[PDB]
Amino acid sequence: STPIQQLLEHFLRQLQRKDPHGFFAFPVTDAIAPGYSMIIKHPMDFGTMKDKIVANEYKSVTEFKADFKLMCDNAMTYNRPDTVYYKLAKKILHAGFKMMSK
């Protein structure tokens, strides 16, 4: 485990605490979200992010933050603003970037 992997595991733990229902835990399936795979071209979720950390795919914090933002942006594209899923994505995007900067 490299120093970067250790830091990213720390950030990921802190980010996942902000999703207590686990809506972001695993890839979204079309059964749960009809037509999702044809609307969202670059899916992302915390489980995929964990696998990417362990596989050593993130070479910088910047690359990691971009996947986090992608995950939130996908949720704000697929879901309407008045939904639980949109609201959490907006909340966690802003809080997560703040947490990773302080």
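Start at 1 with the first residue shown and count on from there. Between two forms, the rigid core is defined as the largest C-alpha subset superposing within 1.5 Å.
Greater C-alpha displacement in 9 other deposited structures of this protein (rigid core superposition, RMS over structures and residues), of 46-54 versus 31-39: 31-39. Looking at 58-66 and 33-41 together, the entry lists the larger mean B-factor for 33-41, computed on C-alpha atoms. In the deposited entry, the Cα temperature factor of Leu8 places it in the lowest third of its chain's modelled residues. Per the PDB record, residue ranking by Cα B-factor puts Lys87 in the middle third of the chain. In this PDB entry, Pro20 carries a Cα temperature factor that places it within the middle third of its chain's modelled residues.
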